[PDB]
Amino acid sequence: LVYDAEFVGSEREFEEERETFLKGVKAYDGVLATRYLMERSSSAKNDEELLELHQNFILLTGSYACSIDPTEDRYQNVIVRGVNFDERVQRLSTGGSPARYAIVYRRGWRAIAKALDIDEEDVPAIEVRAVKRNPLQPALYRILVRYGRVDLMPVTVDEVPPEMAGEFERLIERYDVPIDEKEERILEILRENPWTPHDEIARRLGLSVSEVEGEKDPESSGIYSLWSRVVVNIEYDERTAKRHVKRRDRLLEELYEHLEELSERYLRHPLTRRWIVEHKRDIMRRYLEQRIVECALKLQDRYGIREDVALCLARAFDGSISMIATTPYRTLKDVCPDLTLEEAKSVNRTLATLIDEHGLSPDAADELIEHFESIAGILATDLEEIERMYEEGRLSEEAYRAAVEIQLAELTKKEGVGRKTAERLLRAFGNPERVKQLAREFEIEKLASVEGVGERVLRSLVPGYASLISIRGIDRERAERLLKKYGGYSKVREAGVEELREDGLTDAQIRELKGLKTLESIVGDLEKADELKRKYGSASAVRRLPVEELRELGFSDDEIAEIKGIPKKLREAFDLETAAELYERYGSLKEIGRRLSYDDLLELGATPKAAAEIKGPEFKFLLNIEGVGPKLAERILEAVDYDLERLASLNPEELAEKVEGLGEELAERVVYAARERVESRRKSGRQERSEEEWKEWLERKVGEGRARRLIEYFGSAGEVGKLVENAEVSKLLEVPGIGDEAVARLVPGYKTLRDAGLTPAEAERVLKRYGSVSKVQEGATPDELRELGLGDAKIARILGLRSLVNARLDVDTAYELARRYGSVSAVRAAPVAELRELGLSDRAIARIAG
């Protein structure tokens, strides 16, 4: 039953006892490991050195057991299986230590281990009840242990006196002591074999085992009493005690080396301390007591129960956590009076839910627990059953109301399900779990038969019904049929086009269902689109495929140029390989004709006309007057960095200053033509919205009502437009009726900044500082945004550095890896050594790779 012991001593004595007990545990672990070696290999069983090691481990276990509680006061209230060993020792003539008198019994260590707070996970087992294969006399061994005779306990099999083993009688006659008839009858049987089991001595005599053994005290009758009378009359040798205490530690650490030697000899692998601990756990977890300890540990760790209360609960409920969690509070108090209400709430989650989340008294919670066991039990019980139990007076008012509210809460948490509809569903189908199961079974018509179960209720209840009913032409019964046939929306989406056509679905319905509109725009065949979705997934992944892989899949060159979005002037000037490479390396044809040289364009296979077309439209315009020459027009555009306004700006004399090989006669004509062009250009886009145009634009953006509300609030549409152009988010929001889904509709980029976690004021500051979200992404530095009051998390989120910061990198280093490289994928596949060059640890680079 109860194993308990309380340590009442100083910190010094506490450390002494902990060290002694841990060393004894190591000794008994050596015992068990030697037994495992004996049984694991018959070749090891043949070895006599292994038997000597086993006996030496037994001797050291006994020696360490003798050193426990030397002052006879470190332990009190020692209990072993309900038996109070304190009063049992007090009733003995020679008194002694209750701790040592407890360890000599089976599993007595469980008491002492609780007094010293030794981690019960590693099974701190110490047993000194060896009979067969014991180097000493068993009863003498146990008596020496219980009397704490560290001087008489040998520390080596070679130092074992024959008067303590085979010739034990020589030690008895040396100290006289009276011997009664029962003890002589036991001794005349032990003379045949001193290691005879006490069961055999009791059977070959007609006595009980308790009669043969007797109390471990001189004033008794039995072999224990005889050895007690013999040992009491022996003086305490201080010299041998000190020398054994000094020797035994090195002796144990040497026996472990011998054990590892024998394990290497017979198993070719060692026996780790961790392995020995795990083996002890796995060989002793079979019996309850170990399951009780494991359950009490689980309670202490997960629910924070005190040690003694958790142990008592585990004893009372066979170490079953679920059993304790389905037990009412009054029963838990009956079995454990020291249990607190908070502890019971922590263990019984149903009790805590009722009491705290529903304001029930512990007695009403006990009512609900006794009648329905758990919250899931309540959710399983029909509503009519609870109503009947309430109307018959078998269920209190508060308990009934709380149970009904729990059942209703399980259904009202779905969108569209009110309380009247939840009650109707509970009346029609009994319990919320039955409703959930009917929803899983796609019983759409059965649920729709209930009053108030509309489209919203079905879409919130039946998984995937929304996705199918929203398709044009798919009826409710058709959606139910599809869901029941294929088994969920996922399996209907994974169905092939042929079997979907056999069911009567339109090709448009199948396209909408499988999401193939983009691949239908790419390839005019539905089956090939579905097969591409199967093989690669998204249409973007097909667009990212190399040219060679696309050619093999059955694509023409024009189809590849259309898929990758290659411009006409770029797809006609070069072949697919070079055009696609230039496009996926520079992005825009403008960048192609601005970063590459005219000679470079020609060398790649471009017609001079095509190469001029690839060059900017100003390049085609420079050569359209007096033939300034491509070699010279390219340098002219490289000066102003491809800008007609920069060309029309400066004085002609500055041209020959910047561009070499340019005469000043052509410079004036260049500037004149550039000014003419910039005057002809700024005459088309010279537009500022009028009043009516601003009014119509507002009505289009935020709708009629909010538009006229804003117009009245700020005066005219012009003021609203001025606020929009200046990104006056705060001024727009103060109007009642204008929210984020309207400001973001008016101010481009507001929604993205809001989804990044920025407050409207912060987003307003950012928009005023940088102009738009794009300019923020390709321009803002973390310190810059830190000056605007943004936290590092918001900065990382808005700059696109989420993946890099997820690798446990700060925002500054992530922005540097984005600056000195390219995108995130550019750092994902990066020179592993160059990252170490930048001062990143190997662990940081490994996390970058992950």
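In case it trips you up, residue 1 is the first one in the sequence shown, and so on.
Stretch comparison (826-834 versus 8-16) by mean CA B-factor in the PDB entry places 826-834 on top. Two stretches are in play, 550-558 and 402-410, and the higher mean C-alpha B-factor belongs to 550-558. If you compare the C-alpha temperature factors of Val78, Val177, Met323, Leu395 in the entry, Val177 comes out highest. As recorded in the PDB entry, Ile201 shows the highest C-alpha B-factor of the residues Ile201, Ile738, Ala422, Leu482. Sort the chain's modelled residues by C-alpha temperature factor and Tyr586 lands in the middle third, per the entry. In this PDB entry, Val805 carries a Cα temperature factor that places it within the middle third of its chain's modelled residues. Annotation for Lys436: C-alpha temperature factor in the lowest third relative to the rest of the modelled chain, per the entry. Residue-level temperature factors show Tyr642 in the highest third of its chain, judged at the C-alpha atom. In this PDB entry, the Cα temperature factor of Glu219 sits in the top third of its chain's modelled residues, the highest group.
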